[PDB]
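Visitor: My structure file final13.pdb, PDB, N, CA and C atoms, is below:
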```
MODEL        1
ATOM      1  N   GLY C   1       0.864  -1.208   0.000
ATOM      2  CA  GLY C   1       0.000   0.000   0.000
ATOM      3  C   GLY C   1       0.878   1.227   0.000
ATOM      4  N   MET C   2       0.262   2.352   0.371
ATOM      5  CA  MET C   2       0.902   3.699   0.457
ATOM      6  C   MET C   2       2.320   3.712   1.053
ATOM      7  N   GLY C   3       3.300   3.474   0.179
ATOM      8  CA  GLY C   3       4.703   3.525   0.555
ATOM      9  C   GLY C   3       5.238   4.927   0.807
ATOM     10  N   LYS C   4       4.553   5.966   0.294
ATOM     11  CA  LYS C   4       4.898   7.370   0.532
ATOM     12  C   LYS C   4       3.851   7.952   1.481
ATOM     13  N   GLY C   5       4.300   8.670   2.493
ATOM     14  CA  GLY C   5       3.420   9.279   3.437
ATOM     15  C   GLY C   5       2.956  10.611   2.924
ATOM     16  N   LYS C   6       2.134  11.236   3.742
ATOM     17  CA  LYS C   6       1.499  12.514   3.430
ATOM     18  C   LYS C   6       2.491  13.648   3.136
ATOM     19  N   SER C   7       3.563  13.728   3.917
ATOM     20  CA  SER C   7       4.530  14.801   3.768
ATOM     21  C   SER C   7       5.304  14.643   2.464
ATOM     22  N   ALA C   8       5.696  13.409   2.135
ATOM     23  CA  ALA C   8       6.425  13.134   0.888
ATOM     24  C   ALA C   8       5.542  13.438  -0.326
ATOM     25  N   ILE C   9       4.293  12.976  -0.295
ATOM     26  CA  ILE C   9       3.340  13.218  -1.406
ATOM     27  C   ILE C   9       3.072  14.718  -1.600
ATOM     28  N   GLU C  10       2.821  15.458  -0.507
ATOM     29  CA  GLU C  10       2.592  16.912  -0.603
ATOM     30  C   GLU C  10       3.815  17.620  -1.193
ATOM     31  N   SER C  11       5.028  17.177  -0.825
ATOM     32  CA  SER C  11       6.257  17.762  -1.366
ATOM     33  C   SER C  11       6.389  17.455  -2.842
ATOM     34  N   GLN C  12       5.959  16.274  -3.271
ATOM     35  CA  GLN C  12       6.026  15.905  -4.711
ATOM     36  C   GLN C  12       5.113  16.831  -5.531
ATOM     37  N   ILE C  13       3.896  17.052  -5.030
ATOM     38  CA  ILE C  13       2.934  17.942  -5.667
ATOM     39  C   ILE C  13       3.486  19.365  -5.742
ATOM     40  N   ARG C  14       3.962  19.882  -4.612
ATOM     41  CA  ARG C  14       4.528  21.211  -4.554
ATOM     42  C   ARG C  14       5.746  21.394  -5.480
ATOM     43  N   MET C  15       6.605  20.382  -5.538
ATOM     44  CA  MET C  15       7.851  20.464  -6.338
ATOM     45  C   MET C  15       7.565  20.375  -7.837
ATOM     46  N   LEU C  16       6.584  19.580  -8.198
ATOM     47  CA  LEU C  16       6.177  19.462  -9.601
ATOM     48  C   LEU C  16       5.527  20.777 -10.050
ATOM     49  N   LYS C  17       4.747  21.407  -9.163
ATOM     50  CA  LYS C  17       4.133  22.680  -9.497
ATOM     51  C   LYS C  17       5.192  23.802  -9.655
ATOM     52  N   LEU C  18       6.233  23.817  -8.813
ATOM     53  CA  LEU C  18       7.327  24.753  -8.966
ATOM     54  C   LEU C  18       8.068  24.511 -10.290
ATOM     55  N   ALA C  19       8.376  23.237 -10.639
ATOM     56  CA  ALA C  19       9.025  22.877 -11.901
ATOM     57  C   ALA C  19       8.162  23.363 -13.074
ATOM     58  N   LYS C  20       6.837  23.198 -12.983
ATOM     59  CA  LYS C  20       5.921  23.689 -14.030
ATOM     60  C   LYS C  20       6.080  25.192 -14.247
ATOM     61  N   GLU C  21       6.064  25.980 -13.158
ATOM     62  CA  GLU C  21       6.229  27.434 -13.246
ATOM     63  C   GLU C  21       7.552  27.801 -13.927
ATOM     64  N   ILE C  22       8.633  27.138 -13.518
ATOM     65  CA  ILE C  22       9.949  27.408 -14.095
ATOM     66  C   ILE C  22       9.933  27.078 -15.587
ATOM     67  N   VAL C  23       9.374  25.911 -15.937
ATOM     68  CA  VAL C  23       9.333  25.457 -17.368
ATOM     69  C   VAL C  23       8.480  26.410 -18.215
ATOM     70  N   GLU C  24       7.360  26.879 -17.672
ATOM     71  CA  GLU C  24       6.515  27.857 -18.392
ATOM     72  C   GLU C  24       7.300  29.088 -18.800
ATOM     73  N   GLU C  25       8.129  29.567 -17.890
ATOM     74  CA  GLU C  25       8.923  30.751 -18.135
ATOM     75  C   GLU C  25      10.013  30.488 -19.159
ATOM     76  N   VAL C  26      10.768  29.412 -18.960
ATOM     77  CA  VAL C  26      11.838  28.994 -19.914
ATOM     78  C   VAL C  26      11.279  28.694 -21.315
ATOM     79  N   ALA C  27      10.180  27.952 -21.381
ATOM     80  CA  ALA C  27       9.556  27.596 -22.682
ATOM     81  C   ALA C  27       9.069  28.857 -23.447
ATOM     82  N   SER C  28       8.601  29.860 -22.718
ATOM     83  CA  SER C  28       8.147  31.136 -23.331
ATOM     84  C   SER C  28       9.325  31.992 -23.803
ATOM     85  N   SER C  29      10.503  31.769 -23.225
ATOM     86  CA  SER C  29      11.708  32.523 -23.503
ATOM     87  C   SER C  29      12.603  31.988 -24.607
ATOM     88  N   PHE C  30      12.570  30.668 -24.874
ATOM     89  CA  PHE C  30      13.404  30.012 -25.833
ATOM     90  C   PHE C  30      12.576  29.135 -26.748
ATOM     91  N   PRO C  31      12.342  29.586 -28.000
ATOM     92  CA  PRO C  31      11.642  28.766 -28.982
ATOM     93  C   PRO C  31      12.289  27.402 -29.207
ATOM     94  N   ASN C  32      13.601  27.300 -28.999
ATOM     95  CA  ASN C  32      14.371  26.043 -29.149
ATOM     96  C   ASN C  32      14.332  25.078 -27.944
ATOM     97  N   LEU C  33      13.687  25.447 -26.836
ATOM     98  CA  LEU C  33      13.444  24.488 -25.743
ATOM     99  C   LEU C  33      12.475  23.458 -26.324
ATOM    100  N   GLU C  34      12.866  22.188 -26.271
ATOM    101  CA  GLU C  34      12.093  21.116 -26.897
ATOM    102  C   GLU C  34      11.452  20.150 -25.924
ATOM    103  N   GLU C  35      12.185  19.778 -24.889
ATOM    104  CA  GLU C  35      11.724  18.821 -23.893
ATOM    105  C   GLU C  35      12.281  19.207 -22.547
ATOM    106  N   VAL C  36      11.532  18.836 -21.516
ATOM    107  CA  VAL C  36      12.019  18.930 -20.146
ATOM    108  C   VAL C  36      11.728  17.601 -19.475
ATOM    109  N   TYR C  37      12.699  17.131 -18.714
ATOM    110  CA  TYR C  37      12.552  15.919 -17.925
ATOM    111  C   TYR C  37      12.773  16.254 -16.439
ATOM    112  N   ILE C  38      12.131  15.450 -15.592
ATOM    113  CA  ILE C  38      12.478  15.365 -14.185
ATOM    114  C   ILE C  38      13.436  14.162 -14.073
ATOM    115  N   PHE C  39      14.580  14.356 -13.430
ATOM    116  CA  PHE C  39      15.508  13.284 -13.133
ATOM    117  C   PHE C  39      15.737  13.235 -11.635
ATOM    118  N   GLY C  40      16.602  12.330 -11.211
ATOM    119  CA  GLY C  40      16.925  12.199  -9.807
ATOM    120  C   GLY C  40      15.854  11.490  -9.007
ATOM    121  N   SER C  41      15.899  11.666  -7.689
ATOM    122  CA  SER C  41      15.047  10.869  -6.781
ATOM    123  C   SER C  41      13.565  11.073  -6.955
ATOM    124  N   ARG C  42      13.154  12.290  -7.347
ATOM    125  CA  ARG C  42      11.719  12.558  -7.596
ATOM    126  C   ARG C  42      11.202  11.907  -8.877
ATOM    127  N   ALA C  43      12.099  11.543  -9.791
ATOM    128  CA  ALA C  43      11.723  10.722 -10.954
ATOM    129  C   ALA C  43      11.750   9.243 -10.604
ATOM    130  N   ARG C  44      12.759   8.811  -9.850
ATOM    131  CA  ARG C  44      12.940   7.378  -9.535
ATOM    132  C   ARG C  44      11.950   6.833  -8.514
ATOM    133  N   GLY C  45      11.678   7.649  -7.496
ATOM    134  CA  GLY C  45      10.809   7.270  -6.389
ATOM    135  C   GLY C  45      11.482   7.246  -5.037
ATOM    136  N   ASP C  46      12.815   7.299  -4.977
ATOM    137  CA  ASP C  46      13.580   7.213  -3.707
ATOM    138  C   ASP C  46      13.799   8.566  -3.018
ATOM    139  N   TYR C  47      12.805   9.443  -3.106
ATOM    140  CA  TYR C  47      12.879  10.784  -2.548
ATOM    141  C   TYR C  47      12.307  10.846  -1.162
ATOM    142  N   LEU C  48      12.738  11.900  -0.477
ATOM    143  CA  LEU C  48      12.257  12.273   0.835
ATOM    144  C   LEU C  48      11.422  13.515   0.651
ATOM    145  N   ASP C  49      10.655  13.881   1.676
ATOM    146  CA  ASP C  49       9.895  15.138   1.617
ATOM    147  C   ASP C  49      10.806  16.385   1.445
ATOM    148  N   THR C  50      12.043  16.309   1.914
ATOM    149  CA  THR C  50      13.036  17.389   1.811
ATOM    150  C   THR C  50      13.899  17.381   0.526
ATOM    151  N   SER C  51      13.708  16.388  -0.328
ATOM    152  CA  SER C  51      14.509  16.270  -1.537
ATOM    153  C   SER C  51      14.292  17.413  -2.501
ATOM    154  N   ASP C  52      15.370  17.776  -3.206
ATOM    155  CA  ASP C  52      15.197  18.804  -4.226
ATOM    156  C   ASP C  52      14.494  18.157  -5.417
ATOM    157  N   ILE C  53      14.202  18.968  -6.424
ATOM    158  CA  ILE C  53      13.680  18.417  -7.691
ATOM    159  C   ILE C  53      14.762  18.759  -8.734
ATOM    160  N   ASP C  54      15.091  17.782  -9.570
ATOM    161  CA  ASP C  54      16.122  17.921 -10.596
ATOM    162  C   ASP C  54      15.473  18.017 -11.964
ATOM    163  N   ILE C  55      15.804  19.093 -12.687
ATOM    164  CA  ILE C  55      15.176  19.416 -13.950
ATOM    165  C   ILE C  55      16.201  19.390 -15.061
ATOM    166  N   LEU C  56      15.931  18.594 -16.094
ATOM    167  CA  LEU C  56      16.759  18.519 -17.302
ATOM    168  C   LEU C  56      16.066  19.318 -18.399
ATOM    169  N   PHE C  57      16.707  20.397 -18.847
ATOM    170  CA  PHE C  57      16.194  21.199 -19.955
ATOM    171  C   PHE C  57      16.898  20.703 -21.227
ATOM    172  N   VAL C  58      16.122  20.418 -22.258
ATOM    173  CA  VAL C  58      16.646  19.862 -23.535
ATOM    174  C   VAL C  58      16.297  20.841 -24.647
ATOM    175  N   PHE C  59      17.322  21.439 -25.252
ATOM    176  CA  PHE C  59      17.183  22.453 -26.298
ATOM    177  C   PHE C  59      17.672  21.953 -27.626
ATOM    178  N   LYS C  60      17.065  22.443 -28.698
ATOM    179  CA  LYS C  60      17.572  22.165 -30.049
ATOM    180  C   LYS C  60      18.675  23.161 -30.385
ATOM    181  N   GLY C  61      19.688  22.702 -31.116
ATOM    182  CA  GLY C  61      20.732  23.555 -31.669
ATOM    183  C   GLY C  61      21.730  24.200 -30.726
ATOM    184  N   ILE C  62      22.022  23.569 -29.589
ATOM    185  CA  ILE C  62      23.020  24.118 -28.628
ATOM    186  C   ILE C  62      24.244  23.217 -28.460
ATOM    187  N   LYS C  63      24.473  22.279 -29.384
ATOM    188  CA  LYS C  63      25.626  21.384 -29.320
ATOM    189  C   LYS C  63      26.964  22.098 -29.092
ATOM    190  N   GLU C  64      27.140  23.251 -29.723
ATOM    191  CA  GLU C  64      28.380  24.007 -29.603
ATOM    192  C   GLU C  64      28.421  24.975 -28.452
ATOM    193  N   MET C  65      27.320  25.130 -27.711
ATOM    194  CA  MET C  65      27.280  26.050 -26.565
ATOM    195  C   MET C  65      28.026  25.425 -25.413
ATOM    196  N   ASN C  66      28.970  26.178 -24.842
ATOM    197  CA  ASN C  66      29.760  25.677 -23.736
ATOM    198  C   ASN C  66      28.885  25.577 -22.491
ATOM    199  N   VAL C  67      29.393  24.871 -21.485
ATOM    200  CA  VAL C  67      28.603  24.663 -20.259
ATOM    201  C   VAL C  67      28.264  25.948 -19.502
ATOM    202  N   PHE C  68      29.091  26.997 -19.631
ATOM    203  CA  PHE C  68      28.848  28.287 -18.923
ATOM    204  C   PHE C  68      27.713  29.043 -19.615
ATOM    205  N   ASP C  69      27.744  29.076 -20.951
ATOM    206  CA  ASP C  69      26.654  29.644 -21.726
ATOM    207  C   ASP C  69      25.351  28.887 -21.495
ATOM    208  N   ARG C  70      25.414  27.566 -21.408
ATOM    209  CA  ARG C  70      24.226  26.744 -21.149
ATOM    210  C   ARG C  70      23.617  27.085 -19.800
ATOM    211  N   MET C  71      24.448  27.098 -18.769
ATOM    212  CA  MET C  71      23.953  27.508 -17.423
ATOM    213  C   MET C  71      23.273  28.886 -17.413
ATOM    214  N   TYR C  72      23.917  29.849 -18.082
ATOM    215  CA  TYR C  72      23.440  31.255 -18.157
ATOM    216  C   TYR C  72      22.075  31.316 -18.837
ATOM    217  N   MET C  73      21.755  30.361 -19.737
ATOM    218  CA  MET C  73      20.439  30.344 -20.422
ATOM    219  C   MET C  73      19.262  30.245 -19.467
ATOM    220  N   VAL C  74      19.404  29.417 -18.436
ATOM    221  CA  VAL C  74      18.313  29.165 -17.485
ATOM    222  C   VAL C  74      18.515  29.675 -16.077
ATOM    223  N   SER C  75      19.745  30.038 -15.714
ATOM    224  CA  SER C  75      20.097  30.455 -14.343
ATOM    225  C   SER C  75      19.110  31.345 -13.656
ATOM    226  N   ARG C  76      18.737  32.425 -14.333
ATOM    227  CA  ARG C  76      17.819  33.396 -13.701
ATOM    228  C   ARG C  76      16.393  32.934 -13.430
ATOM    229  N   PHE C  77      15.982  31.843 -14.056
ATOM    230  CA  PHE C  77      14.672  31.266 -13.844
ATOM    231  C   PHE C  77      14.632  30.289 -12.683
ATOM    232  N   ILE C  78      15.796  29.873 -12.177
ATOM    233  CA  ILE C  78      15.867  28.848 -11.156
ATOM    234  C   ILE C  78      15.666  29.469  -9.786
ATOM    235  N   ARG C  79      14.774  28.867  -9.005
ATOM    236  CA  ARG C  79      14.506  29.262  -7.605
ATOM    237  C   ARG C  79      13.959  28.068  -6.854
ATOM    238  N   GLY C  80      13.964  28.148  -5.536
ATOM    239  CA  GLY C  80      13.514  27.055  -4.696
ATOM    240  C   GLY C  80      14.548  25.946  -4.617
ATOM    241  N   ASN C  81      14.128  24.788  -4.123
ATOM    242  CA  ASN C  81      15.004  23.663  -3.874
ATOM    243  C   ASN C  81      15.079  22.841  -5.174
ATOM    244  N   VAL C  82      15.793  23.415  -6.142
ATOM    245  CA  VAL C  82      15.853  22.931  -7.518
ATOM    246  C   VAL C  82      17.289  22.856  -7.999
ATOM    247  N   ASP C  83      17.630  21.797  -8.707
ATOM    248  CA  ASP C  83      18.920  21.716  -9.425
ATOM    249  C   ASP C  83      18.589  21.342 -10.841
ATOM    250  N   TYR C  84      19.541  21.577 -11.731
ATOM    251  CA  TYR C  84      19.266  21.381 -13.153
ATOM    252  C   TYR C  84      20.466  20.983 -13.998
ATOM    253  N   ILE C  85      20.145  20.533 -15.193
ATOM    254  CA  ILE C  85      21.132  20.271 -16.253
ATOM    255  C   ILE C  85      20.533  20.840 -17.555
ATOM    256  N   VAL C  86      21.387  21.383 -18.429
ATOM    257  CA  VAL C  86      20.986  21.847 -19.739
ATOM    258  C   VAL C  86      21.752  20.994 -20.772
ATOM    259  N   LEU C  87      21.018  20.380 -21.690
ATOM    260  CA  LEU C  87      21.581  19.493 -22.730
ATOM    261  C   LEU C  87      20.972  19.805 -24.074
ATOM    262  N   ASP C  88      21.731  19.477 -25.103
ATOM    263  CA  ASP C  88      21.234  19.493 -26.469
ATOM    264  C   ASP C  88      20.403  18.219 -26.681
ATOM    265  N   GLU C  89      19.485  18.298 -27.646
ATOM    266  CA  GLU C  89      18.668  17.159 -28.133
ATOM    267  C   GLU C  89      19.464  15.843 -28.334
ATOM    268  N   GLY C  90      20.644  15.973 -28.924
ATOM    269  CA  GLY C  90      21.501  14.839 -29.202
ATOM    270  C   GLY C  90      22.217  14.254 -28.016
ATOM    271  N   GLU C  91      22.140  14.902 -26.842
ATOM    272  CA  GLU C  91      22.844  14.468 -25.640
ATOM    273  C   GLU C  91      21.931  13.964 -24.526
ATOM    274  N   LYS C  92      20.617  14.027 -24.721
ATOM    275  CA  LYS C  92      19.677  13.692 -23.642
ATOM    276  C   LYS C  92      19.781  12.277 -23.041
ATOM    277  N   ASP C  93      20.315  11.317 -23.803
ATOM    278  CA  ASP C  93      20.547   9.944 -23.310
ATOM    279  C   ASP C  93      21.584   9.879 -22.182
ATOM    280  N   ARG C  94      22.358  10.957 -21.966
ATOM    281  CA  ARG C  94      23.349  11.011 -20.878
ATOM    282  C   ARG C  94      22.731  10.952 -19.476
ATOM    283  N   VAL C  95      21.450  11.333 -19.357
ATOM    284  CA  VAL C  95      20.715  11.271 -18.114
ATOM    285  C   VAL C  95      19.769  10.094 -18.291
ATOM    286  N   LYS C  96      20.013   9.058 -17.499
ATOM    287  CA  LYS C  96      19.197   7.874 -17.461
ATOM    288  C   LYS C  96      18.165   8.107 -16.355
ATOM    289  N   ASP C  97      17.208   7.209 -16.271
ATOM    290  CA  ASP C  97      16.255   7.306 -15.203
ATOM    291  C   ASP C  97      15.769   8.746 -15.140
ATOM    292  N   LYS C  98      14.878   9.039 -16.075
ATOM    293  CA  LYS C  98      14.160  10.324 -16.139
ATOM    294  C   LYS C  98      12.735  10.173 -16.626
ATOM    295  N   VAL C  99      11.919  11.176 -16.290
ATOM    296  CA  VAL C  99      10.500  11.240 -16.605
ATOM    297  C   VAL C  99      10.226  12.446 -17.496
ATOM    298  N   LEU C 100       9.541  12.235 -18.627
ATOM    299  CA  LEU C 100       9.164  13.325 -19.508
ATOM    300  C   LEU C 100       8.114  14.206 -18.791
ATOM    301  N   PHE C 101       8.456  15.476 -18.686
ATOM    302  CA  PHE C 101       7.655  16.437 -17.956
ATOM    303  C   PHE C 101       6.910  17.348 -18.914
ATOM    304  N   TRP C 102       7.588  17.754 -19.984
ATOM    305  CA  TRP C 102       7.061  18.684 -20.946
ATOM    306  C   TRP C 102       7.757  18.439 -22.277
ATOM    307  N   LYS C 103       7.007  18.684 -23.334
ATOM    308  CA  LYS C 103       7.543  18.624 -24.698
ATOM    309  C   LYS C 103       6.803  19.697 -25.492
ATOM    310  N   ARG C 104       7.513  20.420 -26.347
ATOM    311  CA  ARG C 104       6.870  21.466 -27.113
ATOM    312  C   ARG C 104       5.555  21.005 -27.793
ATOM    313  N   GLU C 105       5.575  19.835 -28.436
ATOM    314  CA  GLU C 105       4.431  19.292 -29.187
ATOM    315  C   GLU C 105       3.383  18.598 -28.294
ATOM    316  N   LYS C 106       3.653  18.495 -26.990
ATOM    317  CA  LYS C 106       2.727  17.886 -26.019
ATOM    318  C   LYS C 106       2.254  18.806 -24.899
ATOM    319  N   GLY C 107       2.907  19.949 -24.691
ATOM    320  CA  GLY C 107       2.658  20.730 -23.472
ATOM    321  C   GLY C 107       3.131  19.903 -22.280
ATOM    322  N   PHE C 108       2.560  20.118 -21.109
ATOM    323  CA  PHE C 108       2.927  19.332 -19.921
ATOM    324  C   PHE C 108       2.285  17.952 -19.927
ATOM    325  N   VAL C 109       3.040  16.955 -19.472
ATOM    326  CA  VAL C 109       2.595  15.561 -19.393
ATOM    327  C   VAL C 109       1.902  15.419 -18.028
ATOM    328  N   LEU C 110       0.684  14.878 -18.043
ATOM    329  CA  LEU C 110      -0.163  14.688 -16.829
ATOM    330  C   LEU C 110      -0.566  15.952 -16.023
ATOM    331  N   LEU C 111      -0.252  17.164 -16.513
ATOM    332  CA  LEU C 111      -0.555  18.430 -15.819
ATOM    333  C   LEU C 111      -1.202  19.410 -16.793
TER     334      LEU C 111
ENDMDL
END
```
What would the structure in this file look like if it were written as structure tokens?

Guide:
Amino acid sequence: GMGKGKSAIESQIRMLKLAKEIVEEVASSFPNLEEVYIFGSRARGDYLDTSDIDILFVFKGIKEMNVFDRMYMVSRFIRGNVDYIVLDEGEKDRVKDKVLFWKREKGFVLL
């Protein structure tokens, strides 16, 4: 039965809603944002109520953008107990164990 308690579930809801707000802003700012994934413990299931949420932003056409330029693309949108990675479309397989959160052609998944 209910392997996650009330506090963990409420934190999952709250963290997904914060990720949604951040993605809405990033997606409105970059036409080349293509997909967003949740990775880490909140994607896998081994999270605590205090766990951060990890967001993978996947953009088209940034293969040549260095890691500092990539960070600068989303830095100002990040707030709360959130960590992130920015990858090109061709590099997204580098993060295993992830959940599709948003896609340009789908909007948000389950939200």

Visitor: Here's the selection I'm unsure about, the PyMOL selection byres (((chain C and resi 101 and name CA) around 12) and name CA); applied to the file above, which residues does it give, as a ChimeraX atom specification?

Guide: /C:16-17,19-20,22-24,34-39,42-43,54-58,98-100,102-104,106-111

Visitor: Which is closest to residue 4 (chain C) among C:45, C:80, C:61, C:31, if we use only C-alpha atoms?

Guide: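 So, comparing all the options, the nearest one is C:45.
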
Visitor: Just the helix (DSSP H, G or I) stuff from region 12-110 of chain C, please, per backbone DSSP, written as a ChimeraX atom specification.

Guide: /C:12-29,41-44,67-77,89-94

Visitor: Identify which of the residues C:29, C:7, C:12, C:53 lies closest to residue 74 (chain C), counting only C-alpha atoms when measuring atom-to-atom distances.

Guide: C:29

Visitor: Apply the PyMOL selection byres ((chain C and resi 60) around 6.5) to the structure shown and report the selected residues as a ChimeraX atom specification.

Guide: /C:32-34,58-59,61-63,88-89

Visitor: Go through C:82, C:105, C:49, C:96 one by one, measure the shortest atom-to-atom distance of each to residue 13 (chain C) using only C-alpha atoms, and give the residue with the smallest value.

Guide: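 Among the listed residues, C:49 lies closest to residue 13 (chain C).
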